[PDB]
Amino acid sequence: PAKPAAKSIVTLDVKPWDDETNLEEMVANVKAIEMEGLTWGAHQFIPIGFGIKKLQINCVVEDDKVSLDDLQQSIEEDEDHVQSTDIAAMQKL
């Protein structure tokens, strides 16, 4: 098309179960999620205290194609690694 779809950039916090959770597996499983209109971006592991680190990961979504509710629920199916997800920030593009 000559005109582009509406997009948002979202930073997700993905929290582990404890300080021993395999974080590389956790982010690999997030990045394996494929949805039309979803682009994974940069990520870092960020200390939150007491030796726990959260995954902070960017993604870019086409508003009309990618439900953020659905994406969070999908990430949370990795119950062996993921305790919860939260939206750290989000912006229009």
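Residue positions are given as counts along the sequence shown, with the first one as 1.
Using the B-factors recorded in the PDB entry, average over the C-alpha atoms of 42-50 and of 59-67, then report which stretch comes out higher. According to the entry, 42-50 carries the higher average C-alpha B-factor.
- Looking only at CA atoms, which has the higher mean B factor in the entry: 71-79 or 14-22? Averaged over C-alpha atoms, the B-factors run higher in 14-22.
(Q) Taking only the Cα B-factors deposited for this chain, tell me whether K92 sits in the lowest, middle or highest third. (A) For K92, the deposited C-alpha B-factor lands in the lowest third.
**Ranked C-alpha temperature factor of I33 among modelled chain residues, by third** = It belongs to the middle third of the chain when residues are ordered by C-alpha B-factor.
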